[PDB]
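In structure tokens, the next block holds one chain alone, the form solved without the partner chain.
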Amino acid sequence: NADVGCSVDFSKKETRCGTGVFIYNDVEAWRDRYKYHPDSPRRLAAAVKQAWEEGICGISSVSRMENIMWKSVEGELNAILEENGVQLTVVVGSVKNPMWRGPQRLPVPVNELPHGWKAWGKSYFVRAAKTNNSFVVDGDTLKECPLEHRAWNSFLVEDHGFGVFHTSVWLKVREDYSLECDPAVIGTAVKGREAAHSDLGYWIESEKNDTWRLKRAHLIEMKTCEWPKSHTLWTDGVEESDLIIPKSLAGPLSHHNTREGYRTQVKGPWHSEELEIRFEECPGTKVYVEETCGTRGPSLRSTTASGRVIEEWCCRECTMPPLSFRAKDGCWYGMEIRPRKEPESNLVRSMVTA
């Protein structure tokens, strides 16, 4: 509440300074400035060892930055485990979207794993030998560790740390059970006729038109924790079935997360690595409102597998401009928006149900 800053205020036509609350868009910024780090690698190693002994065979990361943290500390955790004679290998793979919940939780260990004080030699520097027992973090590893035996949402941000090139975000294993997204990295603000619900992976803009409505959003992850109402604007009398970004995808439970003529986009292209929600026709396409249209269904891409653009689309009672998702492989339409003449079986469809 007591940060000091200066800014160009475009809506108030002034450049000024003062104290206040400043919410930065670090989602769309090309500069990477935050890195997650364990509060204590030796304590995290002990939590992993205990988790494994309790039948927790791996991790489903909540967020893109958690997976990056696991990848950067993998070698260190394995060296600590080997230093203590623990036959266990942390194996960190890629994130797949959506980042589905797991039901287990890392335990808080009483003690960290200590230093071994082994003879001076290459063991202080080289990676640990691979073992028979893989503690798998994300990756394509469901056969060896099914999702129901993985821990998810076990961390809380303990503090931020100063750094010259990156700002550290220290993560600690929490004691409490929670489904909620970590509020330490959430920033939500409204000013005049625009608002943003944000964290390190979601930048969700709303605006006052005739009513408040979703304006645009950019998501560089697809997480499944619950966005906390404490950090959400205008939460009363909201119907979850009207929330554009579903609750089950960390959508804010807010009138700001709604748009007339659209219901919750549970079958959007949430397999995508990142998505922009934009109310605008896909390139080369037109949408027509007509009750004869097909019904809501899986989101469809505007281009076929061969690259052919589908020119004409419809929706039974949605509103213009149309809801679209912009992804690396092209432009996708809201669930309401179906091809007008083309069979849907010729198109690329979302296989995800959030």
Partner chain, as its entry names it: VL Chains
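Positions refer to the first chain, counted from 1.
There is also a form solved in complex with the partner chain; it is not shown, and the following applies to it.
Practice task
With heavy atoms only and a cut-off of 4.5 Å, decide whether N78 touches the partner chain in the deposited bound form.
Solution key: Result no; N78 lies far from the partner chain in the deposited bound form.
Exercise for the section: Give a yes or no for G116: in the deposited bound form, does one of its heavy atoms lie within 4.5 Å of a heavy atom belonging to the partner chain? Expected result: It does not: once the partner chain is placed as it appears in the deposited bound form, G116 has no heavy atom within 4.5 Å of it.
Practice task
Answer with yes or no whether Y177 is in contact with the partner chain in the deposited bound form, where contact means some heavy atom within 4.5 Å.
Solution key: So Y177 counts as contacting the partner chain.
Practice task
Flag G102 as yes or no: does it have a non-hydrogen atom within 4.5 angstroms of any non-hydrogen atom of the partner chain in the deposited bound form?
Solution key: Heavy-atom contact with the partner chain at 4.5 Å: present for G102.
Problem - Partner-proximal stretch of 279 to 287, 102 to 110, 80 to 88, 125 to 133 relative to the partner chain in the deposited bound form, 4.5 angstroms, heavy atom - result: Result for this chain: 102 to 110.
Handout entry: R64, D140 and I220 all contacting the partner chain in the deposited bound form, non-hydrogen atom within 4.5 Å
Key = No, none of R64, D140 and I220 comes within 4.5 Å of the partner chain in the deposited bound form.
Practice task
Would you give me the residues of 120 to 148 that have any heavy atom within 4.5 Å of the partner chain in the deposited bound form, in order from first to last?
Solution key: Contacting residue: only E148.
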